[PDB]
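So the structure is just underneath, and the comments pick up after that.
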Amino acid sequence: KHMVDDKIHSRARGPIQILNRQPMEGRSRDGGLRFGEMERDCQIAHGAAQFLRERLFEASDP
Amino acid sequence: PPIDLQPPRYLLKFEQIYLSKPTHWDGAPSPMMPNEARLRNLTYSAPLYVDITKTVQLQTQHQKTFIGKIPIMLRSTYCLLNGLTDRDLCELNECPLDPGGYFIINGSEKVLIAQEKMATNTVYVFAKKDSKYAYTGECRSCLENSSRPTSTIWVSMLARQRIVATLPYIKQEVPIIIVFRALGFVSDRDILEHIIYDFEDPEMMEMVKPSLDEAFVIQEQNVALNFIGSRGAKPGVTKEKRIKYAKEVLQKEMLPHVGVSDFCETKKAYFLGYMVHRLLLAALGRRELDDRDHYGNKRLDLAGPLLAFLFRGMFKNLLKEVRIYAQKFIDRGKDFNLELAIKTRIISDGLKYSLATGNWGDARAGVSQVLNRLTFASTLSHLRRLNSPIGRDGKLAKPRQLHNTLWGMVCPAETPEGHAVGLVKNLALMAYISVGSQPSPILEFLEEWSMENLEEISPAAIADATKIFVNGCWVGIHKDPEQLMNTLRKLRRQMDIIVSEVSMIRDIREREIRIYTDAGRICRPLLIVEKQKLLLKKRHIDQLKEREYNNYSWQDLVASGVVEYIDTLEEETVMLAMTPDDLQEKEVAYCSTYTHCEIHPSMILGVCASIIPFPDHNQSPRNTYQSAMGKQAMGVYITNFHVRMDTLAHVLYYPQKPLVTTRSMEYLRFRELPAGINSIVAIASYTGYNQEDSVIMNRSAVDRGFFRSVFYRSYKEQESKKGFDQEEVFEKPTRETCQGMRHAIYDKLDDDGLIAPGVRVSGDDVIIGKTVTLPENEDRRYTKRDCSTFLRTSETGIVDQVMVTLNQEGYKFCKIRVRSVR
Amino acid sequence: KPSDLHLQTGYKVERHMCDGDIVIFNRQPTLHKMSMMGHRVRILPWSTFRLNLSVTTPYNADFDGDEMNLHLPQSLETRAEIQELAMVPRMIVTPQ
Amino acid sequence: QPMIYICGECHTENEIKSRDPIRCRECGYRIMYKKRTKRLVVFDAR
Amino acid sequence: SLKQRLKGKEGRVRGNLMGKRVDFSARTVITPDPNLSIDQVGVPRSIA
Amino acid sequence: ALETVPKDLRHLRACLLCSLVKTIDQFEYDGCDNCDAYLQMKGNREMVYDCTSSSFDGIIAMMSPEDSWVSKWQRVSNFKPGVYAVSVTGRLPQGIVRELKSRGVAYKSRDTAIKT
Amino acid sequence: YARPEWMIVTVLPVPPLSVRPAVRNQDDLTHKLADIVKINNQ
Amino acid sequence: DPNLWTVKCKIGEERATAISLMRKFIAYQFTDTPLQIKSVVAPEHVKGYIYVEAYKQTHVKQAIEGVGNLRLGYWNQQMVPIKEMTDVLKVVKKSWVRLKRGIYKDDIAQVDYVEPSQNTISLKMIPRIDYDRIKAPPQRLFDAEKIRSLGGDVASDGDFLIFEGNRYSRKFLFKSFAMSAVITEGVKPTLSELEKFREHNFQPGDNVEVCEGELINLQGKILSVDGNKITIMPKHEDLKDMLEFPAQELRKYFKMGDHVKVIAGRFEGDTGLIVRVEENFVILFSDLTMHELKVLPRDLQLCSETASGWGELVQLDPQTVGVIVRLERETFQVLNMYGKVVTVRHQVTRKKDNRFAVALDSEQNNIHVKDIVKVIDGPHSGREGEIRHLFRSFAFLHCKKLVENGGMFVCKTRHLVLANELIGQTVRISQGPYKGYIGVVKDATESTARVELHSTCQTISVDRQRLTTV
RNA sequence: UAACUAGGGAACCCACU
Ligand SMILES: [Mg+2]
Ligand SMILES: [Zn+2]
Ligand SMILES: [Zn+2]
């Protein structure tokens, strides 16, 4: 049952939640992916602090 | 109990129940076919009538008063399509391939997952190695056909060597000798007669001696019951009303399975003596400890016990509401109106909520799951699924492991490999859960033979004879255990008195014989081996090949004394031949004392592990992973899929039966609704696109229809007649008239706001034109707002078919099934 | 209208990404720093992320229905940052 | 202007109105099936 | 409550401040390809 | 007895003298159940409207005034059991008060309300 | 910065509409604040 | 002495509970099951629970047995404390009334005629009805012609009228209602209700002087506030101590040259600076205009916020746009492109503003919104204003010096100087590689068009020269 | 002579890793 048209999604500045101005959840509501805690740790490890600022502030909810 | 109200008294009593056929209505009584109940999101539920009798005395009876609607699982004896021929089912748009066993609740197909539990009324000895107790006994005592739940008594030895008891509704650790004195047994010699059955082993008497010497201060029944009533969950006022609360606890709270009556003092005393004696044997090690995971120690609550446990509380709540109504309408002096007394929503909406949601109460969840209709294998495997009640995310392994007593009753391979390994299981093929019968013919048969009851014995002849139990409760003693077990088996190989499901177990090392007649035990049929020969002779195969002619069924072979159902307790006392061609021929002999023979070893597997070719040649994690994937394969999941408005239907163009098949696929009907295509694989390193678990496919084969599937998705929407402030209605919305209308194509819609079938739609195309009115259209020029369901974005396809109907509420209601080939 | 599609120096144009753009590619669970690395975009027809074979081992990604997450760096500054720190040639040898 | 629906079990066809309760005339069957569209369909035979 | 709005793994600190939903991101299945370099990913057109 | 107890909630009136709460039917048919011999409102409706109150606050079902501290605070201990009012708005005319004082009954007000 | 008499909430801050939303439909925090102000007026 | 015990009861049925307990006391006062309690209290305003006077809790439980209305207080009882038992029986306490029940709850009713039978009074009300049109509501005037048009239960006597449940109106409702069904004490209507039919305001931070006493001419800033005798704590000039003054001794004095606002009267809402402080006439100039505003000293306050003083594009009709210059209660004052200030209703339409629109001046230079332009011709020739909105041939100019219309006027732009069809149409690709495919046009341009193909799962774009409709 | 944005949550269940 796991087809790739059912699983593909991308997103760019689409619908935004009302409780906080972060993107939606899930591909059915055109939501974006979660940049979770472990990715925050991994980008600390890279030392990409401008990329980490771009993810966690600018391209999520400025 | 018949409820009584004190003024002239009157009592209500309910005596004879009536269960009609499922029927919908406002409207006239008409038989609701279950596919109609699936399509209009109805609830396939039969109404439930009962007669009333009231005495005020001035009695009046009230025949066939409507209690309420209870749901019916399909292919029952009270469904409409019981026993119908396959032509008749295909006239009803129901397929004959569907096994039933699921409820239709609001059009949704629900499956009651069988829930494991510890076996009731059975003494267990466990070791809390972390607590202050060395060995703790317990007995989850629960009387059959009793509205009250189980009430576990604990009898536990302290680790330091006194023995105490945790009783129900009593918060302190009561000593054992206090409870025996509180049952009217004042002598230490008499209590020691009820506990230790031999006075010639001084070691066990020396071990019970400190617990006996704890409570030599309290000697009277009065003082003992006073100490029982001290530190209750409901504490006592004085000497008065605390003697009665303690008498109530010893009468009605501990051990209801040995009886709740005034003469049941000594029976309860004998069974508590048995609990303390088994705890002493565990503290000696003369009997081993008990396993929590042995499946002779468990029961399976199926839909019968689950709906019974639900209906106890809901019928009691309906009685409580009738009592509230009668308390209101006697104090006005008038007479109550009984049809307004019994409100039907408390007995029907509760069943509908507990089956529709799965929150099993007003407690636990996940009991009624939505039926999985991707594959016929997934549908069968969802109807044969057991749920361990142990919660998830536990770091321990012993409730999850494959215990030895899962042999033949439950599949070893099939389990969800996520965080529910081993907890959720799938039943084996020939295993069958005993639906349970009444113990009373067995008790009459035992009193017919020379069994001596507990209220008529000396406590001296107990240890030289075998203690005999029925459903846990100890019914007496018998002197000659052989020729009793031969007689009970001789009656089960004939079905004279004892039902085939009922199980005898002679414990031979410790002199016990226990007969279980519970509802929930899990058995499987085995052949029967006299001296070293099967009883399955050639004439049975000759009469059994010629079925539909001789009318010689399986049940005639159970009646012939050839096969019989063995449960898990009785597997501990059986010598089981694997196959007859090896294990009745003389060799350097292994045992030569076989009692039963396995029918075929392939029947130890589940329904999804039966479709695996050569699964003994695989590795066992691979068998588990295929058991997961076989529930997910696309295929023709049902025969009437063109009628069904299922959400997410995956069907396949050209499914094939396997060239390499098992014999057991003939019985799952996998060659009739298959899932997958025979393909000429090659196992080759190649260009490098089959690298790390991927496969190279043939484009020309795929262009010839190879695994080209088709994915259906339905879309339901109804309008809502409300209090005039917002009013949905299906219509084609207009840009100049409607407000908030999203930028999409609305000329695909027809004149009623729906798509005609055979129309291409894509992502964010409208499928249902629906407009809801706006209350401030007068409070200008801008009226009713768009509330439309679009096609699900990043999907596309042709609208397969559209049905238009009325719902349960009488409101217009449309379903649209949209087809997309894959 | 075509009158405001003119471009003078200083406008931004949010254009669809082409070949040679840099993306961040990771797999939950991101255990170490080579579970989230920077790739260059190649536009291929069918609807999957075709990625190479030797990058399976840091990702622990065995293509049997694994799906990966692809982040795009929006500024040009963070694009140069990913190119100079988190490229998979610069993450061949691990520090652990 | 009326929409033609196929009467479920009856398999006959009938008109329908806006704000009309959904009932067959033959036996009052509640499930209607909307007829196939009148515009053209064309399939690439691939 | 407010303390229950903040205290969870799904709360404000961990659930929204630490790990948050991001724009400009895609998620699809990977399939192998040996005909492109180790720092190239072949993304679809409808993602791009 | 039960004859003192009001039959319904409609037109409940408290007396001006002893704050006895009864319906207008019971004042019309029985007078005052404590001191009608000093007031004589039985057989006259206008005497009831002059001698009972249309505004009262709080009721007391005085069952045993011989052993009640509430009867000590409300000064109704020497009376009969019945339904009494805590606060009574109203006043007798000067003719009735002077006639009661000529019979040795000084009129103490049952208006025990804290007026601001 | 931190005074012990300020720990006793003698005036309760009610947060704005950005914190608790409205979607016609109220927030759970608005229901509990309704309990606050109802018992306060009582 | 016995004590009082709280027993929870049914709400609204506490008086009947005391009546039933008194009947139960008299019915069993000679029997062998006596009520050993002493009294039962059900107050006038305490709603939800009653009081039992007894020496024991067990006497209360054995006395309330058989009473269903107290069943939520049957298991446990709570004693009123000893110091608090007097708080039980403690009671506190052409006109206008407000009706108690019905749809006219707490609405202002003018008491027209007091009927001396002491049952009802005639009340003049404003009808909260929908004139039998929605029901098969705010206060608005009684429209007799609408209820003669819509029909129903209606009877006309010229201006006198009977309608809809025996409602009596004339010219304005005149209906009888009970004195116990109205509150004849504590209404106090306002001035808008007079058209339909001292005070102290000290604020923290304001400056006040002392007019009388030994502490005279001490000016200090206000810390706290109370009702009548405030006992204020003013921070005076050159005094570290906090003195005490009531409200009758103080007065809102303000030094010349400060932020002032007006609290009430004709001059409210307006701000400014005061100029010269007389004995009581305090003259000021506003932040908006330079008109002399003379106020009482009590009608001033000290507030440091900037004045408010808005300016939207609304459509007077689809031929002529307008610009709002004044926000009012029920109307807008709107300045169109003609220059004619009009007064229109709230229910004009909001036009989409073109913030990138281009216009030409008299000297053929490109001008836009927010441009400071001089007027060299027309009726407004000589002024200089900022462009706020644009039309095909008109431009609206704002000027903070020009006090008329909030600064807005209009000039023609040539008197200034700077200082698809194919959508949703089934097409057939008749040329190219996709030739012969039937699809539906999703998007379309001058050049190309996106076609949802009926056959494949894909939407592709082709030229319009390649498409042929059905 | 083109009127241009999106709206909830909470629980359970299943699946993927
Ligand atoms: Mg994988
Ligand atoms: Zn028909
Ligand atoms: Zn009196």
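From first to last, the protein sequence lines stand for chains A, B, C, D, E, F, G and H. Numbered by the deposited numbering, the letters in the first sequence go through residues 1052 to 1113 in order. Numbered by the deposited numbering, the letters in the second sequence go through residues 63 to 68, 81 to 99, 102 to 132, 139 to 242, 254 to 455, 462 to 878, 885 to 927 in order. Numbered by the deposited numbering, the letters in the third sequence go through residues 434 to 529 in order. Numbered by the deposited numbering, the letters in the fourth sequence go through residues 13 to 58 in order. Numbered by the deposited numbering, the letters in the fifth sequence go through residues 338 to 385 in order. Numbered by the deposited numbering, the letters in the sixth sequence go through residues 2 to 117 in order. Numbered by the deposited numbering, the letters in the seventh sequence go through residues 242 to 264, 271 to 289 in order. Numbered by the deposited numbering, the letters in the eighth sequence go through residues 176 to 268, 276 to 318, 335 to 369, 371 to 396, 416 to 527, 536 to 573, 575 to 646, 703 to 753 in order. Even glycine gets a Cβ: it sits at the ideal position worked out from N, Cα and C.
Do you know how far the Cα of residue j is from the Cα of residue i?
i: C707 (chain B); j: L485 (chain B); result: 14 Å
i: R351 (chain E); j: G345 (chain E); result: 7 Å
i: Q1068 (chain A); j: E816 (chain B); result: 25 Å
i: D579 (chain B); j: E555 (chain B); result: 18 Å
i: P262 (chain G); j: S338 (chain E); result: 14 Å
i: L194 (chain B); j: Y184 (chain B); result: 8 Å
i: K439 (chain H); j: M307 (chain H); result: 47 Å
i: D289 (chain H); j: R280 (chain H); result: 5 Å
i: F895 (chain B); j: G852 (chain B); result: 12 Å
I want to verify the contact list: residues of chain A whose CB lies under 8 Å from the CB of residue i, in sequence order.
i: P381 (chain E); result: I1059
Hey, out of the options, whose CA is closest to residue i's CA?
i: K630 (chain B); options: B:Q593, B:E663 and B:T692; result: B:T692
i: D428 (chain B); options: B:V132, B:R807, B:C892 and B:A560; result: B:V132
i: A291 (chain H); options: H:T389, H:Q741, H:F205 and H:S730; result: H:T389
i: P773 (chain B); options: B:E826, B:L382, B:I417 and B:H749; result: B:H749
i: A342 (chain H); options: H:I316, H:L372 and H:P335; result: H:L372
i: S233 (chain B); options: B:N912, B:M297, B:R222 and B:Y724; result: B:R222
i: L464 (chain C); options: C:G498, C:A494 and C:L518; result: C:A494
i: residue 330 (chain H); options: H:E455, H:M451 and H:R555; result: Because chain H is numbered from 318 directly to 335, the model contains no atoms for residue 330 (chain H).
Note down, in chain order, every chain B residue with its Cβ under 8 Å from the Cβ of residue i.
i: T368 (chain E); result: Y788 and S793
Can you give the beta carbon distance from residue i to residue j, rounded, assuming they're within the 8 Å contact cut?
i: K146 (chain B); j: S121 (chain B); result: Going by Cβ atoms, the distance from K146 (chain B) to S121 (chain B) rounds to 17 Å, so no, they are not a contact pair.
i: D580 (chain H); j: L553 (chain H); result: Their Cβ separation, rounded to whole angstroms, is 18 Å, which puts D580 (chain H) and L553 (chain H) out of contact at 8 Å.
i: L751 (chain B); j: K1052 (chain A); result: Between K1052 (chain A) and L751 (chain B) the Cβ distance is about 11 Å, and since that is not below 8 Å, they are no contact.
How would you call residue i, buried or exposed, if buried means at least 16 neighbouring beta carbons within 10 angstroms?
i: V227 (chain H); result: buried
i: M594 (chain B); result: exposed
i: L52 (chain D); result: exposed
i: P123 (chain B); result: buried
i: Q90 (chain B); result: exposed
i: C451 (chain C); result: exposed
Whose Cβ in chain H lies nearer than 9 Å to the Cβ of residue i?
i: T117 (chain F); result: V267 and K268
Taking Cβ-Cβ distances shorter than 9 Å, what residues in chain B pair up with residue i?
i: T489 (chain C); result: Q790 and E791
i: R48 (chain D); result: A855, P856, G857 and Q906
What residues from chain D crowd round residue i, counting only those whose CB sits closer than 9 Å?
i: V753 (chain H); result: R51 and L52
Exercise. Using the beta carbon as the reference atom, which residues fall closer than 5 Å to any heavy atom of ligand 5, ordered along the chain?
Worked result: Absence of ligand 5 from the depicted structure is noted, with ligand 1, ligand 2 and ligand 3 being the only ligands included.
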